Amino acid sequence: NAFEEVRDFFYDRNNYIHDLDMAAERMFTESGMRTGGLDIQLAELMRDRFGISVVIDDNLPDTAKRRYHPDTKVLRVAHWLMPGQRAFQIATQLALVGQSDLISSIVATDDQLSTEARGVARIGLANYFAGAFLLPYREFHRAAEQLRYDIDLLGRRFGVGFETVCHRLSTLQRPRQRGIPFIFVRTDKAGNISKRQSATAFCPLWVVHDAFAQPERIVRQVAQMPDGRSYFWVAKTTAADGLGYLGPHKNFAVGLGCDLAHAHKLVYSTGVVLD
Ligand SMILES: [Ca+2]
Ligand SMILES: [Ca+2]
Ligand SMILES: [Cl-]
Ligand SMILES: [Cl-]
Ligand code: NA
Ligand code: NA
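Using the deposited numbering, the letters of the sequence shown map in sequence onto residues 153 to 354, 363 to 435.
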């Protein structure tokens, strides 16, 4: 299972890829980027630095979110995407073309990966870079602390979707500047579940599946995990639209869980309990 190999690859690295995370943040800062309208700014960077022309287009083959034309250096980006997802696509291609050697060197540190897993890892690392470019580490970490980890306000502040914020929160393991350690859980209506752990090594799946009963509303609960500790969980369905990295082909629920001992920093931790 290639996806299982890549899950271990990120697990072994605490879900944080330092060289790519730092490369994204340095490129964001050195190019004078500012949060807001990053899709236009990235298009300028792509032209200036690589001679790649970004164009917004419809009728992309297979309703893809992007199509790169390497022979004339044109990146087509789907018109139905919101600015945050347009930026995400462009930054993903920026990693593939401008961080290719770095990505290859990172993948190579896992001696066991199969070929299929190396290809999955390459795309995952380019996606990782895109998240770390749209949400540069120190700025995003500072914003998460000052907004008390409010996923919706973070999304509105940076112009990105709910699962994009959640995934980034689950990567904040930079040494000496960690965020709250989260378990990230994504599931579809049929129970197909992707779980990512930062601190643990393990499950009450209703902590995220419960979101499907109150669509587009945050669902919060406290549940014990297999270690005997209680976790505070926040979950929501993702709208099938132009924002967030999850495909609009079906509906997902996404959630974060943190040790109850970290939950006081969450805006979510005030409220009344019931069965
Ligand atoms: Ca391992
Ligand atoms: Ca969405
Ligand atoms: Cl992709
Ligand atoms: Cl997004
Ligand atoms: Na290194
Ligand atoms: Na870990």
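Cβ atoms here follow ideal geometry from the backbone N, Cα and C, with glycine treated the same way.
query = Using the beta-carbon count (16 or more within 10 Å), is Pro386 buried or exposed?
reply = Indexing the sequence shown from 1 puts residue 386 at position 226. The residue is exposed, with fewer than 16 neighbouring Cβ atoms inside 10 Å.
query = Exposed or buried, which one is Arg377 when buried takes at least 16 other CB atoms within 10 Å?
reply = Working through the sequence shown from its first residue, we reach residue 377 at position 217. Its Cβ having fewer than 16 others within 10 Å, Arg377 is exposed.
ask   = Can you check whether the CB of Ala383 is closer than 8 Å to the CB of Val367?
value = Taking the first residue of the sequence shown as position 1, residue 367 is located at position 207. Taking the first residue of the sequence shown as position 1, residue 383 is located at position 223. Yes, Cβ-Cβ distance for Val367 and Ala383 is below 8 Å.
key: Distance, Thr187 Cα to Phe310 Cα   = Within the sequence shown, the letter at position 158 stands for residue 310. Within the sequence shown, the letter at position 35 stands for residue 187. Going from the Cα of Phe310 to the Cα of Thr187 covers about 6 Å.
key: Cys318 to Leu286 span [Cα, whole Å]   = Working through the sequence shown from its first residue, we reach residue 318 at position 166. Working through the sequence shown from its first residue, we reach residue 286 at position 134. Between the alpha carbons of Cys318 and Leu286 lies a gap of roughly 13 Å.
key: Beta-ladder partner(s) of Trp393, from DSSP   = Here residue 393 is taken as the residue at index 233 of the sequence shown, counted from 1. As DSSP reads the structure, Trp393 sits in a beta bridge with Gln381, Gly417.
message = My output table needs one value for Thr316: the three-state DSSP class, helix, strand or coil.
response = Within the sequence shown, the letter at position 164 stands for residue 316. DSSP places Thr316 in helix when its eight states are reduced to three.
ask   = How long is the line joining the alpha carbons of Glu297 and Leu227, rounded to whole angstroms?
value = Mapped onto the sequence shown, residue 297 falls at position 145. Mapped onto the sequence shown, residue 227 falls at position 75. Straight-line Cα distance between these residues: approximately 35 Å.
ask   = Using a threshold of 7 Å, is the CB atom of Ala399 nearer than that to any non-hydrogen atom of ligand 2?
value = Residue numbering aside, residue 399 sits at position 239 when the sequence shown is read from its first letter. Within the cutoff, so yes.
key: Cβ-based neighbour list, residue 360, same chain, cut-off 7 Å, excluding 5 preceding and 5 following   = Any structural detail on residue 360 is unavailable, because the chain resumes at 363 straight after 354.
Contacting residues, own chain, Cβ-Cβ under 8 Å from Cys363 (five flanking each side not counted) = As a first step, residue 363 is located in the sequence shown; it is residue number 203 there, counting from the start. Answer for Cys363: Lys347, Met385, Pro386, listed in chain order.
task = Please say whether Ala282 and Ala243 have beta carbons closer to each other than 8 Å?
result = As a position in the sequence shown, residue 243 is number 91, starting the count at 1. As a position in the sequence shown, residue 282 is number 130, starting the count at 1. Their beta carbons are under 8 Å apart, which means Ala243 touches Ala282 by this criterion.
ask   = For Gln374, is the classification buried or exposed, using 16 other Cβ atoms within 10 angstroms of its Cβ as the cut-off for buried?
value = Translated into positions along the sequence shown, residue 374 becomes position 214. Exposed, because fewer than 16 other Cβ atoms sit within 10 Å of the Cβ of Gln374.
request  = Would you give the residue range spanned by the beta strand (DSSP E) that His221 belongs to?
outcome  = Mapped onto the sequence shown, residue 221 falls at position 69. It spans 218 to 221 - the beta strand (DSSP E) in which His221 sits, taken as one unbroken run.
inquiry  = Pairs of beta-carbons, one from the stretch 265 to 272 and one from the stretch 215 to 227, closer than 8 Å: are there three or more?
reply    = no
message = Please list the terminal residues of the continuous beta strand (DSSP E) segment that includes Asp209.
response = Looking up residue 209 in the sequence shown gives position 57. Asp209 -> beta strand (DSSP E) spans 205 to 209.
key: Identified DSSP bridge partners for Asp340   = The sequence position of residue 340 within the sequence shown is 188, counting from 1. The partner list for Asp340 (beta bridge, DSSP) reads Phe412.
key: Boundaries of the beta strand (DSSP E) in which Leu287 is found, first to last residue   = Working through the sequence shown from its first residue, we reach residue 287 at position 135. No beta strand (DSSP E) contains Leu287, which DSSP labels as neither H nor E.
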